[PDB]
Amino acid sequence: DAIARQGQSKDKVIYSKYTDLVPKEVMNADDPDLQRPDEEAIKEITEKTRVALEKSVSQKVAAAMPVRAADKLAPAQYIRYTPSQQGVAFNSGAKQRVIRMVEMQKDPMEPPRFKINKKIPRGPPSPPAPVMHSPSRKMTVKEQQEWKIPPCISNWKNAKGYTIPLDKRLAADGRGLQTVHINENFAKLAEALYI
Amino acid sequence: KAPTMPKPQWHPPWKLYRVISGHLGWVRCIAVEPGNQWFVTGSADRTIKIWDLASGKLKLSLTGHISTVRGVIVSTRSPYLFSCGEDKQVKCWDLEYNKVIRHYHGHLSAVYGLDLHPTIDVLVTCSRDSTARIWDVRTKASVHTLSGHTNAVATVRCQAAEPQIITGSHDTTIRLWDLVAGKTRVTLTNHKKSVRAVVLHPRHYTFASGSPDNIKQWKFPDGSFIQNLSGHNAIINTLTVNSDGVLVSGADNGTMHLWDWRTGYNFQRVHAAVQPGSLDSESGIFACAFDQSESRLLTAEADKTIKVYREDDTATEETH
Amino acid sequence: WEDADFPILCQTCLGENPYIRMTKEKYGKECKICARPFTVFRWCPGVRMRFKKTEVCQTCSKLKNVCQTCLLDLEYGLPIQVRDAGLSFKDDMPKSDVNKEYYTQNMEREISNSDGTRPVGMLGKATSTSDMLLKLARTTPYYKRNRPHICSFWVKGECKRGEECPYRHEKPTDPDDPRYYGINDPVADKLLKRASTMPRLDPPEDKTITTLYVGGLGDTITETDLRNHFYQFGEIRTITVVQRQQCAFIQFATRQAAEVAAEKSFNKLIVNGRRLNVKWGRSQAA
Amino acid sequence: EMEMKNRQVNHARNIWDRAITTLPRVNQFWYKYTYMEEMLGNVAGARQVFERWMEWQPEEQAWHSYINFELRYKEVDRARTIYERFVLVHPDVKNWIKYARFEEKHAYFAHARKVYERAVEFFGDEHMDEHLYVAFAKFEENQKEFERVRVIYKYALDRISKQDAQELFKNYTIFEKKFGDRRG
Amino acid sequence: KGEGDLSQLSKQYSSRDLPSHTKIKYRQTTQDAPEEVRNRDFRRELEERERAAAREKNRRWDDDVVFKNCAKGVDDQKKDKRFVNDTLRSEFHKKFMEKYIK
Amino acid sequence: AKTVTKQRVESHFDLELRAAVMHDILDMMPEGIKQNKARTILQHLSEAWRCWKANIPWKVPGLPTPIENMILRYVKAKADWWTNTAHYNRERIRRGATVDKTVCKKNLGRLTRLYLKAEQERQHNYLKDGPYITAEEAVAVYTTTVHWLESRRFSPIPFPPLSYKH
RNA sequence: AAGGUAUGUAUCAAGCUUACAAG
Ligand SMILES: [Zn+2]
Ligand SMILES: [Zn+2]
Ligand SMILES: [Zn+2]
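Trainee: Mind showing me how you'd approach the overall build of chain C here?
Mentor: When helices and strands are counted, chain C shows seven helices and six strands. Along chain C, from the amino end to the carboxyl end, the secondary structure elements read α-β-β-α-α-α-α-β-α-β-β-α-β. Against the globule reference of 19 Å for 286 residues, chain C gives a C-alpha radius of gyration of 25 Å, more extended than a compact globule. Principal axes of the C-alpha set define a box for chain C whose edges measure 75 × 50 × 35 Å. Looking at chain C residue by residue over its 286 residues, the buried ones come to 36%. Accessible surface, chain C as shown: approximately 18,100 Å² in total, 52% of it carbon and sulfur.

As structure tokens, this is what we get:
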């Protein structure tokens, strides 16, 4: 599992083994696992999802369109932190060192400060889940020969190869055919005028 | 003598009883009202049009797409339908005025499928570039871009219970998303050829996916390979499922196969004709949707035609 | 691109007050390495001291376990290449603008989103420590870091401010000895300072001092501890554990292995939690 | 093959295992990784690679390659172990007659007769697939007249419309004639 | 933690992103609001609707001329409303390509 | 991203059509090792469209029947789009909604194609469907003209001599 | 207003940028 999963937070990569592409046995009416959750469970996951994307879109429009007159904050909230690195005679008695953190005012006469113009290429994606198809077949050397394509014998190409062999010049039936080439009633007209 | 040979339930066969011949362009996606009165379609005629579901007449043809219309759906909670097509545009056709009111924007390529969350008012859309997006209706603001695929994302459905969003893509994989965090929960690598249709059931769990190899069938928490279905071996486009377990798979060569949900028993195997102008090799199904009654199965095909099917009231076409 | 909640900040940069008041921006300056907009914080360490805002982002501090403004080690109070040579591994990072630079910072941020607790690769070799670095880890730090830098107009004698010039005066700096890995000017002098300590003189003979007066055994060292610390050196010729003075006598056959014991134990061999007692033995038939 | 072309063996193995867990169904990765460990020691690592390769249920080409591996290290025990799990998945007649192999290498007397029992009771109970009892007659004719009269002539309820084609029944007769006690 | 340009990284308050239609119409009670869908029959109602809509559609002047009668107008009658979709042969393209070109 | 305004309508239809036929042949061909020599089905598609506009038959020999009939359904799709835009903004430049010169000079070309291919369809259906005039229906006209001309005593025109006066 | 008097390279300052981390 740790080879297929590498680093991920115990996701559902467990498909890496064979035993879960075989068809699961036949279910008939087994309501506890087969049926959906009830209306109360789907309503509570509705409410969790709705308030999550609601605070997401509220912070979004209070950042995408935040232009209108909000208060700053009330940053009186202190923060106590035990400096758990050095303290023996560093600031002799600095056992827990509580600090006051305020938030600096932003003047509303400033342009954007930082050049948001950077482009790096897209990073490494999620490392690949295993693939687990059916056993891949190969057809023949004859039906694979059936699934091949002739080259292009165009009249304008402006592409890879204009491709002149000796044959493949007419490139049609005869470039024209009319299946009898004449209806015979012409005769039954023509001599009818001639006489 | 086969495993699960005796126990499929007998479903009656379906037959045509009208075709509807109106578009000038491939009719491409069908939706139908929550209130059963009329249904709606897009095209490559760049014109949505709605039709009386009873008499088949044309109520109105409303237009505004610069290019073809790959998807159209009509909302249940709100009185307006949504549309999406290859003009990169996703629109909110208000129905009380027959005009566009929201006109969503941000997809970097063509737009293939769209679906409405059935409980809260968001909208999940899938494109050609690689991504799917969570549009917030009322703000027309992209909540998430679901960036995890490597090719075109052919279809998307979404539901109320977890997992929320299911994107089947043209890089042969399904994946199942978190609507909240945006990250994918679980990707489903099967299907040597690409998945182009998923559908959910809507009584119990267990959705099902569609692909040229081996239409499969899954199970919602974690994803679990329940079953694969039989050899409907065209490059299939649509899956639709009725509340009494019948399931129609519509494909690109005209053939559409009826099934059942329970066993997997291929039932009817119906292949329809083309209407006079079309050549023989132009039959293919792009949409299929049941009625709210689920007495009518109506398919939008490449022959610029909506074909409307119904049941058959006999008994002696019995199961083998 | 980056928000924060509280900075990293080694102890000499906080100042001598346990009660300090500190202010924050939301996207302050940029990082002085990767140009990333962190949240700059500012405070007053002490009443005679400059403000010393915040220099690099939280990401570029979590990479090398470095404090936030003076760019020293968070575990020791030492420069960067002192730590990386003293741990013999560099944990590479590019130099150019994009060439793998913001790419690797972006991706190492993406794989640091889970913990937020420890550095990304130093965690495995920050345990096997405290031998070669602990001899130079200057506790009770000097606060001359925090003093305000030297003003002009006292350099030119012009400073009309008189006493209330906040910066400094009468500290002319010298233009002979003043980035992130290498090379840094005082660090070469400090590694020369550690390579050139004050030992005992090496007496003029041919390696006869295979015996040594090591003692201070007390109740900590036992016989098998010291002879298995010397068995990795090599073979004895005669051990004793003389407990009237709490001492131990070991030698080597052909001195060389015990030679590094003389290098290991110039008041320096620290096992069992004690500064051991070491002076020179006889090797003189006395 | 770049990492294996050089002396970095640990890294080549350390990417072969992620290649075969990422892409199971492609045969070449399993083949080259087994082959690499064959060129190294034949450690239970190599057998573990092989049994992982068995676990995905491959075709014949791989399975009797693994029994060929067990034969080229001369395993009575282990080629017995890994070849009963074979036959459940491939019931090929070419493989039914080659589960009849402990005869033609070890002669396995009573339990080889049990292998013939296992051959005779399974599929084609009245239809035989026209081939099992040819090779069973070849071994039991290579054996004495213990119970060789039964299967071609007197267990003959299980015919295929003539019990055999014309190609072999006179050959059945002269097959039974001249390899016995030959009583006057 | 540092999203794309729409979130915080840009002040480009573009038009078309301006708070238009900022409240949602819900489908009220006289339409097909989902409370009036949670019980409705849909099958008998559709059936009676189509059973109601199906029954809605319920001499001595020119005897020297040569062609004394063509005897037929179109040779049966002219009412088709047929639909060829091969677009060069459709009757819309026939009437287009006889109205404009001449 | 950028919308599809009126100057890149035609340069977006080709883009999405060949994306659709690309990941239709990508999901239609079976497990052979090469797909299309990396591009060749698309070359057959564009050649099929050029032969459609020029009314040349495009009978390429030796092509697999799924790809040849998917090329037929895609070029019928594009021909529907092309002629249904030709009808539309021909009527617009008839009543005068637009004055666009690109549109006028383009819809003269997108309609000369249509006339000339309808005309070779009707010249081709003159030959296989016989003369549209009957034998009696033409002998009647001929007899009527010789009666008219001999009642007029119309002396027929001689071929002009080389020494003709006027 | 654009749609025409091309753009693409190689050396040479002010414009703008922090006035910082520092034995
Ligand atoms: Zn930084
Ligand atoms: Zn510091
Ligand atoms: Zn001064």
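Structure shown, so let's carry the discussion forward.
Trainee: What is the right way to look at a positive patch on the surface in this model?
Mentor: Taken together, A:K148, A:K160, F:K34, F:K37 and F:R39 make up a surface patch of like positive charges. Following the sequence through the fold, F:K34 ends up in the loop between α1 (10–25) and α2 (40–53). Here F:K34 falls in the partly exposed class, since its relative accessible area comes to 45%.

Trainee: Mind showing me how you'd approach the sheet that holds strand β3 (residues 38–41) of chain B here?
Mentor: As a general point, the strands of a sheet are linked pairwise by backbone hydrogen bonds and lie either parallel or antiparallel. All names here are of chain B. The strand order β2-β3-β4-β5 describes an open sheet built from four strands, whose pairing is antiparallel. What marks the edges here is a single partner per strand, and that holds for β2 (30–32) and β5 (58–63). Pairs of neighbouring strands in the sheet enclose a mean axial angle of 20 degrees, with direction left out of account.

Trainee: Sorry, what's going on with the arrangement of the chains here?
Mentor: Nowhere do chain B and chain D come into contact; their C-alpha atoms are at least 11 Å apart. At no point do chain D and chain E touch; the closest pair of C-alpha atoms across them sits 32 Å apart.

Trainee: What is the right way to read the UniProt feature "domain: RRM" in chain C from this model?
Mentor: Summarizing the sequence annotation, UniProt attributes the feature "domain: RRM" to residues 210–283 of chain C in the numbering used throughout. Between the end C-alpha atoms of residues 210–283 of chain C there is a gap of 7 Å, over a span that is 24% helix and 16% strand.

Trainee: Help me out: how do you make sense of the UniProt feature "zinc finger region: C3H1-type" in chain C in this one?
Mentor: Under the local residue numbering, the UniProt record ascribes the feature "zinc finger region: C3H1-type" to residues 145–172 of chain C. Its end C-alpha atoms 16 Å apart, residues 145–172 of chain C is made of 0% helix and 0% strand.

Trainee: Help me understand the pairing of strand β13 (residues 141–146) of chain B in this model?
Mentor: Consecutive side chains along a regular strand alternate between the two faces of the sheet. Residue and element names in this part refer to chain B. Burial analysis of β13 places five of its six residues in the buried class, the great majority of the element. Note that strand β12 (residues 132–136) and β13 share five bridges and pair antiparallel. Each residue of the ladder has a partner; that of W135, found in β13, is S142. What sits between β12 and β13 in their antiparallel hairpin is a turn of four residues, with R138 showing a positive phi close to 80 degrees.

Trainee: Would you take a moment to explain the protein's contact with RNA strand G for this structure?
Mentor: All names here are of chain C. Of all residues adjacent to RNA strand G, which total 16 residues, the nearest are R50, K52, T69, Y142 and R145. Atoms of RNA strand G within 4 Å of the protein: sugar and phosphate make up 75%, bases the balance. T69 places a main-chain nitrogen or oxygen 2.4 Å from a sugar or linking oxygen of RNA strand G. Here a base nitrogen of RNA strand G and a backbone polar atom of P178 are 3.1 Å apart.

Trainee: Teacher, can you tell me more about the coordination of the zinc ion (ligand 2) here?
Mentor: Metal coordination angles in their ideal form are 109.5 degrees for the four-donor tetrahedron and 90 or 180 degrees for the six-donor octahedron. All names here are of chain C. Only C10 (SG), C13 (SG), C67 (SG) and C70 (SG) from the protein coordinate the zinc ion (ligand 2), and they sit 2.4 to 2.5 Å from it. What the four donor atoms of the zinc ion (ligand 2) show is an angle range of 91 to 162 degrees at the metal, which sorts the shape as irregular. Each donor residue of the zinc ion (ligand 2) lies on the same chain, and together they follow the pattern C-x2-C-x53-C-x2-C. Highlighted residues: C13 in helix α1 (residues 11–14) and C70 in the loop between α2 (59–62) and α3 (80–86), separated in sequence by 57 residues.

Trainee: For this particular structure, what's the right way to read the coordination of the zinc ion (ligand 1)?
Mentor: All names here are of chain C. Distances from the zinc ion (ligand 1) to its protein donors, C31 (SG), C34 (SG), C57 (SG) and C60 (SG), fall within 2.4 to 2.5 Å. Considering all four donor atoms around the zinc ion (ligand 1), angles at the metal cover 93 to 130 degrees and the coordination shape is tetrahedral. Considered as a linear motif, the donors of the zinc ion (ligand 1) on their single chain read C-x2-C-x22-C-x2-C.

Trainee: Explain the domain arrangement of chain C to me, please; I cannot follow it from the model alone.
Mentor: Reports of interface size often rely on the accessible area that becomes lost once the parts have come together. Examined at the domain level, chain C breaks down into domain 1 (1–147 + 179–197), domain 2 (148–178) and domain 3 (198–286). Taking the mean C-alpha position of each, domain 2 of chain C and domain 3 of chain C sit 54 Å from one another.

Trainee: Got a minute to help me understand the interface of chain A and chain D in this structure?
Mentor: Listed as interface residues are 15 residues of chain A and, on the opposing side, ten residues of chain D. Taken together, both faces of the contact between chain A and chain D bury some 1,100 Å²; the carbon and sulfur share is 61%. Ranking the residues of chain A by area buried against chain D places A:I3, A:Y18 and A:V131 at the top, with a combined share of 43%. At the boundary of chain A and chain D, one finds zero salt bridges. Classifying every residue of the side of chain A that touches chain D gives nine nonpolar, five polar and one charged.

Trainee: Could you clarify how one ought to interpret unusual backbone geometry in this entry?
Mentor: The general pattern is negative phi for most residues beyond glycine and trans for most peptide bonds. That bond from B:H201 to B:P202 is cis: its omega, -5 degrees, falls within 30 degrees of zero. Secondary-structure assignment places B:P202 in the loop between β18 (197–199) and β19 (208–210). For the peptide bond that leads from C:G182 to C:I183, omega is 5 degrees, which places it in the cis range. By the secondary structure assignment, C:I183 is in the loop between α4 (101–110) and α5 (185–195).

Trainee: How do you make sense of a nonpolar patch on the surface when you look at a structure like this?
Mentor: On the surface, A:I182, F:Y126, F:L127 and F:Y132 cluster together into a nonpolar patch covering about 390 Å² of accessible area. F:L127 gets classed as partly exposed once you look at its relative accessible area, which sits at 31%.

Trainee: I tried to follow the pattern of salt bridges on my own but got confused; where do I start?
Mentor: Proximity of charged atoms lets side chains of opposite charge pair with each other. A complete count under the given rule lists 47 salt bridges over all chains for this structure. The partner of B:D115 in a salt bridge is B:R157, with the nearest N and O atoms 3.9 Å apart. With B:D115 in strand β10 (residues 111–116) and B:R157 in strand β14 (residues 153–158), this residue pair connects regions lying 42 residues apart in the sequence. Among the residues examined, B:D115 registers a relative accessible area of 10% and is labelled buried. Overall, the relative accessible area of 30% leaves B:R157 in the partly exposed class. D:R72 is the salt-bridge partner of D:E38, the closest N and O atoms lying 3.2 Å from each other. Here D:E38 is found in helix α3 (residues 27–39), whereas its partner D:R72 is found in the loop between α5 (60–71) and α6 (76–81), with 34 residues between them in sequence. Where salt bridges share partners, they join B:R296, E:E47, E:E50 and E:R51 into one cluster.

Trainee: I'm lost on the sheet that holds strand β6 (residues 277–279) of chain C in this one. Help?
Mentor: All names here are of chain C. If you walk across this open sheet you meet the four strands as β4-β5-β3-β6, and the pairing is antiparallel. Of all the strands in the sheet, just β4 (240–242) and β6 have a single pairing partner and so form its edges. Neighbour to neighbour, the strand axes of the sheet diverge by 25 degrees on average, direction disregarded.

Trainee: Explanation requested: the environment of E:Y13 in the structure shown.
Mentor: Secondary-structure assignment places E:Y13 in the segment before α1 (44–53). A polar contact is formed between the side chain of E:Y13 and the side chain of E:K11, at a distance of 2.6 Å.

Trainee: How do you make sense of the interface of chain A and chain B when you look at a structure like this?
Mentor: Taken together, the contacts link 35 residues of chain A with 38 residues of chain B. At the boundary of chain A with chain B, total buried surface from both sides reaches about 3,200 Å², with 58% on carbon and sulfur atoms. At the junction of chain A with chain B, the criterion picks out one salt bridge. The shortest N-O distance in the salt bridge between B:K219 and A:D33 comes to 3.7 Å.

How each quantity is defined
Residues numbered from 1 in each chain as written, not as in the entry; some residues may be left out. Chains lettered and ligands numbered in written order. Part of a larger assembly, values for the part shown. Heavy atoms only, no water. Helix = DSSP H or I, 4+ residues; strand = E, 2+ residues; numbered from the N terminus. Rg over C-alpha atoms; globule rule 2.2 N^0.38 Å. Buried < 20%, exposed > 50% of the residue type's maximum accessible area, 1.4 Å probe, protein only. Areas by Shrake-Rupley, 256 points an atom, 1.4 Å probe, with all protein chains shown as cover. Patch = residues over 30% accessible without salt bridge, like charges linked within 9 Å, V, L, I, M, F, W, Y side chains within 5 Å. Salt bridge = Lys/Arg side-chain N within 4 Å of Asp/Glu carboxyl O. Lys, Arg positive; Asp, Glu negative; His and termini not counted. Charge placed at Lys NZ, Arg CZ, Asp CG, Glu CD. Pairing = 2+ DSSP bridges. Axes fitted to C-alpha atoms, helices over the stretch in contact; angles between N-to-C directions. Contact = heavy atoms within 4.5 Å. UniProt positions renumbered as here; feature names shortened; annotations may be inferred. Near = heavy atom within 4 Å. Polar contact = N/O pair within 3.5 Å; in protein donor to acceptor, adjacent residues only side chain to side chain. Donors = N, O, S within 2.8 Å, 3.2 Å for Na, K, Ca; no water. Tetrahedral: all angles 85-135°; square planar, octahedral: opposite > 155°, others 65-115°. Domains from an automatic or database assignment. Buried area = accessible area lost by both parts, 1.4 Å probe. Nonpolar A, V, L, I, M, F, W, Y, C, P; charged D, E, K, R; others polar.

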